[PDB]
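Undergrad: Structure provided below as structure tokens; questions to follow.
Each answer follows from the model by the rule given with it, or from the source it names; no laboratory read-out is quoted. We place every Cβ from the backbone using ideal geometry, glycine too, and count neighbours over all the protein chains shown.
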Amino acid sequence: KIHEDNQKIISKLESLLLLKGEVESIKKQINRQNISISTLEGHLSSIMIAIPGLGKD
Amino acid sequence: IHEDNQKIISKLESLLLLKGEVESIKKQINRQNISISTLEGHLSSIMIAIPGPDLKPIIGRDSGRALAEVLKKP
Amino acid sequence: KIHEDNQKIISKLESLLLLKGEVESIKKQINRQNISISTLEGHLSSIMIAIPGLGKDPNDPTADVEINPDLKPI
Amino acid sequence: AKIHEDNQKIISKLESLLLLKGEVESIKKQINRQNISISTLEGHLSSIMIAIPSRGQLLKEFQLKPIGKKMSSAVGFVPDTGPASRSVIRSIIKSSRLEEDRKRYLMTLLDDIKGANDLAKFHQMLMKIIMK
Amino acid sequence: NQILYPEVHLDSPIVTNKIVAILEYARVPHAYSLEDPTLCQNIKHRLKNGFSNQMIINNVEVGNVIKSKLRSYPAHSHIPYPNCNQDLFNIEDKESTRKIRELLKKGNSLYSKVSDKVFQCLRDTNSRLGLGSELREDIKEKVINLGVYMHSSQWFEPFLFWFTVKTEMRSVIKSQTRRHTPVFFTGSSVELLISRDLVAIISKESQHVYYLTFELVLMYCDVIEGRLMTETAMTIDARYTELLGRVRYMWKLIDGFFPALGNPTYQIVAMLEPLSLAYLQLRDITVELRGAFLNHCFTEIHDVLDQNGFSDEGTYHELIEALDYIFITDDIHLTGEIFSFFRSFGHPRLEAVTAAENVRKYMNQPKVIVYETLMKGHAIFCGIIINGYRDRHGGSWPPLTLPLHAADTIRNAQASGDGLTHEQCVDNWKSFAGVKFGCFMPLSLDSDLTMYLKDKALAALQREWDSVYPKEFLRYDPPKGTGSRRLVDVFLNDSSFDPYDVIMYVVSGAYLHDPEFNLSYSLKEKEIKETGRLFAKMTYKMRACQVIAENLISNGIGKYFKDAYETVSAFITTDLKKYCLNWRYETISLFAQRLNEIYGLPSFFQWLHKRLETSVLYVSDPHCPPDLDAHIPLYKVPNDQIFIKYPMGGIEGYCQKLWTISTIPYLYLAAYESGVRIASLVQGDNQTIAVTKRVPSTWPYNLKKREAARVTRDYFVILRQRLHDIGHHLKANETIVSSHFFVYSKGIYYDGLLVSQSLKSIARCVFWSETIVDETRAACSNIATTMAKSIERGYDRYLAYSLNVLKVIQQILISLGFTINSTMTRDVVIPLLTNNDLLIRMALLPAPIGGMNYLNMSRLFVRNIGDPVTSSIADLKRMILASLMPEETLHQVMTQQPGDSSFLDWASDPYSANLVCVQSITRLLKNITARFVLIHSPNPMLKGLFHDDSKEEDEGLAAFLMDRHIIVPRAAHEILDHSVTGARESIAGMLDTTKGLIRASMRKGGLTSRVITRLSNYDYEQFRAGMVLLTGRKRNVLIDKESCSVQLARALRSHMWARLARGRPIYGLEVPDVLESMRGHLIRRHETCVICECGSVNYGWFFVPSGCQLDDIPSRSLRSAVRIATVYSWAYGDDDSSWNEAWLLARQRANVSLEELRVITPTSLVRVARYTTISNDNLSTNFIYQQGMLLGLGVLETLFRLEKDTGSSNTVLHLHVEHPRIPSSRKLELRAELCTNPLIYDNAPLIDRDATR
């Protein structure tokens, strides 16, 4: 029964080890979006403002 | 030993509860990924070329009233 | 056999203890992310009040100042 | 007893994973707060850039047009174009500390020169004489 | 009114449409052509309708007289205003100018009597100081024959004609204010008609006809008189020999260009001001900086000649050769004298459409700016504010909120309290992207009143904007105007004025929805530019908000913005005139938000652009009418003619400090990118940037200037790029870069030398002065001031004194014989004109002792003389010793009839000698009008400052201070200046009444008829008092000849003040004269005569080496209370009884006790002066020694004036020098209740621990 319980512990530990790979996939997706914010911040740094010639009213 | 093994299985069931939370994290990153992609689509629209490339975007005053005067007619 | 199974349980448990360094790594990426959003909000804050009529109805963005310069006529 | 001692080591590692449970839950709150922050940022960004005129147009010569080597400016004088440059070179000869016969000889040489590049060669030769 | 005269000098623009309107009402044909024919339609419409008034009927008869005279001349041709200038600069008629010729010939006779003795007195003065050996021989012939040189000039015969026409026209204006028809006066070559509005001149030989208005006559008189005085001054003085010929050729050349070119000649005249700087830049050491700006000037002159039709290659080359003859000279000091001849040609005629289309072009231009450069300048701006608040508050950071994304350098500097450099601000410009300052600048508005009293014209309402145009020039009847015209009239008559109410009128947003807001333009009075310049007029509340906004910027944040190796600098001069048109809302917005956060006012500093973007602007001149059939509101008016419909820009002025403090960060950004150091100086529309780089000391002088020029050129390119990125468009051709010179207010600075315009003040030395009544004394004081200013800028001293005497004699003769005053009775004119010696003695006697000479011989050498009475008596003794004036005149000075003045008049003027009828009458009229309008003002800011019984309190205070056993008049002046009396006098003095408030007080009746009759006749009283003084025969036996001037001045002050003083002593007013005390000796070689002969060892030592080339290289009220306590404790003694009176006087300004009050209360000389070593060791009275050093510098300047270098010997110069307690007899009347007005009274003692300030 103790041997049966130990195999159940091993099976749950392998399930948590499969969860680790999904957590690492979260890290890659967070890092990819961080670059996307960074390149958008560069383009808002390079904005030129246009002023019209005559006021409307 | 058997009583200790039931305690170990009891804590392992609590540790398996985190899988729904990690999927909840994944949906939030997916929701942000749509939000950034719409902003990148909005950002690429007002980009033009400048003679002299640089590709600096230009924002108008009210809705783009100044852009009819400054820009070259296509 | 049971003692050999305990060594396997500890061996699989070691990599789960190493997950804490990865979880702390996510914390640093979120901290870097909220600074990067804060740059965008700082750029949005300056552009909105420099260009008039762009505030998207916030009741006069220039008027966000504090009012106690020994004035108080109201 | 050794197997029981190992099981207590199993329990202590599982409690350490339970301490990690709260920290991962704290990450989900910060990602949720960032999505609200970027959505309000999206609403303000969508309000601003509605112009939508990745190239469609060009500016109609609003640039500074930086100065050429031939053209004169406040940085320096370079001879170019027609009538004004000859008058400027003549004024530099007449205002100089040179001898009068040398100034008259340079007037004769300046009246001889016709080309625009040869006017530039005279000006570099003229400034060499003034410096010497 | 009988107290207002027509204006002597021109303070108004020249408008073509006025001349066209008069000549079309008079129906006279004319040759003018208008760019807008609108007036030329409207008049016709009125003449189609039959509209007429008194001015139309009066002008028909004048035109009929002109047509009846022009029937006699068949081939007559009218010439317009510019094209006739060469004729009208040279016009003479012998028959028409007889009386002024006889008057000036009599002046030549009197000066020929006294000129030799004037020369002898000046020669003795020169020989006392040791310069007698170096006196030039030509100076004698120039002094004796000065009138002959004045009368031999070519502008004398023009000046007599134009002075006659001006004086006869002024008689017509005042007399008409019988129906006599003006008739022509047939001269030898000129036929003349003078009316109130028109002068018709017909030349009999050429048959040329000229029609002129009053403004043109005033302009021609000023131009010809300035040319006459300037040519006389250059002919007499020997240092201006070549400049005389060059400016004569300039006059001939431009006067030749006037008939053919016309009004575009003034563009060449305005181009004469860049050309001197360009020809001075031609002599630079550096390589390509010589002919940079001359190329732009020559290109623009070629463009001016090409556009008008003179497209010939021969003409331009001859003009270049002529300009090369005029502007090339060897002396640097004579280069900048061409700036003095800038106004010698006249002023262009103007029209509103050209200025309107220029501002329309500039303010309706689209722009694209860059966000990054704007944010970098914003980061530098924030860094300057942070460093200023750290410097004034002990290193503490101001209240601000850094964003989350701020750099670690900025956050650690905020935590550790460390200042920020410019590099940290530019590199981390994203750290200042979302900062928000706290409120740390107070709004002090109830403590200042100095600004609203300044007069500023107010525009009309928006509902009634056509009221400025008369019914005569309009096709429709304009609405009658009800708005007030001036700022001070609204401000004083305001029943409820609150300084915070207009700020609420901005912040609440009522200015954008105000129905009566209006801005208008008006043409400038004196601009050489043909387009001209404009000044703006606006309504009351918006002008008040403008004044309060500029005060808030000036008193607060702007005070933050004021500032084996050697250092070299090079200069950039730029113009800032058109920068205000270039500013927009997007560029200024972030800077205005930061000022809003600092001052705590929401949307206040953004007011100008938001108001201008929704309003229509127009240029207003009465003779230029709108092209409208009926009355139409401004928003429906088209964008043509004088109207600018929806401007984007800033008006000239009105936000200048904000634009300046926004502009400086971009200069610092270009400095950081170019790696140079900047010192920046801002003049009026001129900016000088000094670029500094460190250089080795071992390098020669040639290479260091090349290095400074190289880094200056690189900085200039980077600065042009960064100013273009925000949209200013610096336009590099107009700016100038130099390695030696820069221009500022005094003159040109050239490598430690000052190049000054000495001949400008001589051109400003004219007859009469800008007063509403013609006074002789103010005119003579103006002559003395102009001659003294010319002496300080480098003119010769003795020649200026002789010209001053000649001009005083001529001014007295014009004031007696050729005047429009009807109060000049024959009882004073005939005795003065028949007796020559009486008039000469009146002209030569100094004014502190009763004469009409306002220039002293000590004043020619030093700026400050101590006692005017003692200096005047010393000058009179010099004139007696030189036989210029008789001895008995001195006795007359000591037997003069005393005047009537109280203790208050003595305390206001401590050096007065109680003379009869000396005070300027315009000052008296302004003081009475200002006091009346400030007492009778219902303004709540003036509740208790001005009372009906103020004058009795002031006289009681003066009689309390100066009726003690010893009279000290200087200390009482200092007490009254810092008391409530001087506070009221300072508030009344800053209000300029001008003509308008004097007329308004005449309609109110504050000026009584006795006041008008008495103030109308004071010139006759001055001449009567002078005649009674000089004809009296009373002698005092205590007057010894060549006695001390100090004892004579004490006896004079005791005699004139004997009614008030009653024999008590007077202390603290006597000082020895500068010229009498000091004797000079020059040691060229072999010792001193004075030291060996007299044994005197009290002298100052001056040394000039040989072989040097001279030609080339708390609250204010608390401080007032402290000053009152200090002067009263010092002058009247200190004890227990005297400190009570000092506390009672000082309590009225600040809220302090007795113990707290005890605790808290405790030039042209430089040409020699760079080489001069002054040692004061052999001296043994600080004022006497300081004026001695100034006299020594003046003597060494006079010695080396005409010589280029010190020659072969060292120059050594020697200038030898030859109360327990006062108890109070009166008692203090004081005031029953202390005034609590915030301008004057300080409610809190504030910092009692700090005894400084």
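Undergrad: Quick check: anything in segment E:1082-1091 part of a strand (DSSP E or B), of a type outside the set (D, E, K, R) and in contact with a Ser or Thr (Cβ under 6 Å, 6 or more places away or on another chain)?
TA: Checked segment E:1082-1091: no residue is part of a strand (DSSP E or B), of a type outside the set (D, E, K, R) and in contact with a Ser or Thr (Cβ under 6 Å, 6 or more places away or on another chain).
Undergrad: Can you name the residue in segment E:281-296 that is in a helix (DSSP H, G or I) and at the interface with another protein chain (Cβ under 9 Å from one of its Cβ atoms) and is also surrounded by the most Cβ atoms within 10 Å (Cβ to Cβ) among such residues?
TA: Per the criteria, the residue is E:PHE293.
Undergrad: Here is a follow-up. Out of curiosity, is E:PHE341 under 20 Å from E:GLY747 (Cβ atoms) and crowded, with 22+ Cβ neighbours inside 10 Å?
TA: Taking the combined requirement at face value, the residue satisfies it.
Undergrad: Which of (1) closer than 30 Å to E:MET1002 by Cβ; (2) surrounded by fewer than 18 Cβ atoms within 10 Å (Cβ to Cβ); (3) not β-branched (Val, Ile, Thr) is the odd one out, the single condition E:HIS30 does not satisfy?
TA: Just one mismatch for E:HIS30, condition (1).
Undergrad: Shifting gears a bit: Which of the strands (runs of 3 or more DSSP E) found entirely inside segment E:654-752 contain at least 1 residues meeting this: of a type outside the set (A, V, I, L, M), touching a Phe, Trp or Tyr at 6+ places or on another chain (Cβ under 7 Å) and over 17 Å from E:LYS577 (Cα atoms)?
TA: Qualifying strands (runs of 3 or more DSSP E): E:686-696, E:736-738, E:741-743, E:748-750.
Undergrad: Could you tell me which of the residues D:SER47, D:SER54 is surrounded by 13 or more Cβ atoms within 10 Å (Cβ to Cβ) and among the polar types (S, T, N, Q)?
TA: On inspection, the qualifying residue turns out to be D:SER47.
Undergrad: When you scan segment E:542-641 for helices (runs of 4 or more DSSP H) that lie fully inside it, which ones turn up with 3 or more residues that are within 14 Å of chain A (Cβ to nearest Cβ) and either buried (at least 21 other Cβ atoms within 10 Å of the Cβ) or touching a helix residue (DSSP H, G or I) at 6+ places or on another chain (Cβ under 8 Å) (or both)?
TA: E:585-599, E:607-612
Undergrad: A further question follows. Which one of these does D:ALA120 not meet: (1) in a helix (DSSP H, G or I); (2) within 9 Å of chain E (Cβ to nearest Cβ)?
TA: (2)
Undergrad: Same structure, new question: Identify the single condition in (1) under 17 Å from C:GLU41 (Cβ atoms); (2) facing chain C (nearest Cβ under 7 Å); (3) crowded, with 17+ Cβ neighbours inside 10 Å that A:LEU13 does not satisfy, given that it satisfies every other one.
TA: Only one criterion in (1) under 17 Å from C:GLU41 (Cβ atoms); (2) facing chain C (nearest Cβ under 7 Å); (3) crowded, with 17+ Cβ neighbours inside 10 Å is unmet by A:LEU13, namely (1).
Undergrad: Within segment E:799-817, can one find any residue that is under 25 Å from E:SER745 (Cα atoms), crowded, with 19+ Cβ neighbours inside 10 Å and touching a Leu at 6+ places or on another chain (Cβ under 8 Å)?
TA: Within segment E:799-817 (the criterion being under 25 Å from E:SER745 (Cα atoms), crowded, with 19+ Cβ neighbours inside 10 Å and touching a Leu at 6+ places or on another chain (Cβ under 8 Å)), the answer is yes, since at least one residue qualifies.
Undergrad: Which of the following residues is away from chain E (no Cβ under 13 Å) and either among the basic types (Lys, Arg) or within 33 Å of the chain's Cα centre (by Cα) (or both): D:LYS70, D:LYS21, D:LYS103?
TA: D:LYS21
Each row is one residue, and each column tells you yes or no for (1) in a loop (DSSP other than H, G, I, E, B); (2) under 41 Å from the mean Cα position of the chain (by Cα); (3) assigned by TED's automatic domain parsing to the domain that holds E:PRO622.
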residue: E:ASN387; (1), (2), (3): no, yes, no
residue: E:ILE410; (1), (2), (3): no, no, no
residue: E:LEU420; (1), (2), (3): yes, no, no
residue: E:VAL426; (1), (2), (3): no, no, no
residue: E:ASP446; (1), (2), (3): yes, yes, yes
residue: E:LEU449; (1), (2), (3): yes, yes, yes
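Undergrad: Mind listing just one residue for me: the one in segment E:299-349 that is assigned to a helix (DSSP H, G or I) and among the β-branched types (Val, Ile, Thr) and, of those, farthest from E:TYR220 (Cα to Cα)?
TA: E:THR299
Undergrad: Here is a list: E:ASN58, E:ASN49. Which entry is buried (at least 16 other Cβ atoms within 10 Å of the Cβ), over 22 Å from E:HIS208 (Cα atoms), out of contact with any strand residue (DSSP E or B) (no Cβ under 8 Å at 6 or more places or on another chain) and of a type outside the set (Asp, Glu)?
TA: When all the criteria are applied, what remains is E:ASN58.
Undergrad: Restricting attention to segment D:24-67, report how many residues are more than 7 Å from chain B (Cβ to nearest Cβ) and of a type in the set (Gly, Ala, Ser).
TA: Looking only at that region, the number is 4.
Undergrad: Filter segment E:173-214 down to the residues that are farther than 23 Å from E:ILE14 by Cβ and assigned to a strand (DSSP E or B) and list them by number.
TA: Selection gives E:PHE185, E:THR186, E:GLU191.
Undergrad: Name the residues in segment E:42-70 that are assigned to a loop (DSSP other than H, G, I, E, B) and not polar (S, T, N, Q), would you?
TA: Correct list: E:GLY50, E:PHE51.
Undergrad: Separate question: Might you check whether a residue that is β-branched (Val, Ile, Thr) and crowded, with 20+ Cβ neighbours inside 10 Å occurs anywhere in segment E:1013-1022?
TA: No, that holds for no residue.
Let's see how each residue does on (1) out of contact with any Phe, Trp or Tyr (no Cβ under 9 Å at 6 or more places or on another chain); (2) not in a loop (DSSP other than H, G, I, E, B):
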| residue | (1), (2) |
| --- | --- |
| E:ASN856 | yes, no |
| E:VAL862 | yes, no |
| E:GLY866 | no, no |
| E:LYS877 | yes, yes |
| E:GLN892 | yes, yes |
| E:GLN897 | yes, no |
| E:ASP900 | yes, no |
| E:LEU915 | yes, no |
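Undergrad: It is to be established whether one or more residues within segment E:251-263 are hydrophobic (A, V, I, L, M, F, W, C) and within 14 Å of chain D (Cβ to nearest Cβ).
TA: No, the conditions are met nowhere in segment E:251-263.
Undergrad: If you don't mind, another one. For a quick check of your reading of the model, give me the residue pairs whose first member lies in segment E:1219-1247 and is more than 27 Å from E:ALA1131 (Cα to Cα), whose second is among the aliphatic types (A, V, I, L, M), with beta-carbon atoms closer than 6 Å and at least 6 apart or on different chains.
TA: E:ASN1237/E:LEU945; E:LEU1239/E:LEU449
Undergrad: Let me ask something additional. Is it true that E:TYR1185 is of a type in the set (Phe, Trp, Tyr), under 34 Å from the mean Cα position of the chain (by Cα) and either exposed (fewer than 13 other Cβ atoms within 10 Å of the Cβ) or not in a loop (DSSP other than H, G, I, E, B) (or both)?
TA: Against the criterion (of a type in the set (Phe, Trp, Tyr), under 34 Å from the mean Cα position of the chain (by Cα) and either exposed (fewer than 13 other Cβ atoms within 10 Å of the Cβ) or not in a loop (DSSP other than H, G, I, E, B) (or both)), E:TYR1185 qualifies.
Undergrad: Evaluate the following for E:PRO848: is it surrounded by fewer than 20 Cβ atoms within 10 Å (Cβ to Cβ) and either outside any strand (DSSP E or B) or among the hydroxyl-bearing types (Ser, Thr, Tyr) (or both)?
TA: It is false that E:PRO848 is surrounded by fewer than 20 Cβ atoms within 10 Å (Cβ to Cβ) and either outside any strand (DSSP E or B) or among the hydroxyl-bearing types (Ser, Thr, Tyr) (or both).
Undergrad: Taking the condition more than 7 Å from every other protein chain (Cβ to nearest Cβ), surrounded by 14 or more Cβ atoms within 10 Å (Cβ to Cβ) and not hydroxyl-bearing (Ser, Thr, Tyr), does D:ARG86 pass?
TA: Considered against the rule, which asks whether it is more than 7 Å from every other protein chain (Cβ to nearest Cβ), surrounded by 14 or more Cβ atoms within 10 Å (Cβ to Cβ) and not hydroxyl-bearing (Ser, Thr, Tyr), D:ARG86 comes out as yes.
Undergrad: Additional query: Under 6 Å between Cβ atoms, which residue pairs at least 6 apart in sequence (or on different chains) link something in segment E:770-786 that is crowded, with 22+ Cβ neighbours inside 10 Å with a partner that is part of a helix (DSSP H, G or I) and of a type in the set (A, V, I, L, M, F, W, C)?
TA: Hits for this filter: E:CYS780/E:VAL808.
Undergrad: Has segment E:115-124 got any residue that is in a helix (DSSP H, G or I) and farther than 30 Å from E:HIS1081 by Cβ?
TA: Among the residues of segment E:115-124, not one is in a helix (DSSP H, G or I) and farther than 30 Å from E:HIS1081 by Cβ, which makes the answer no.
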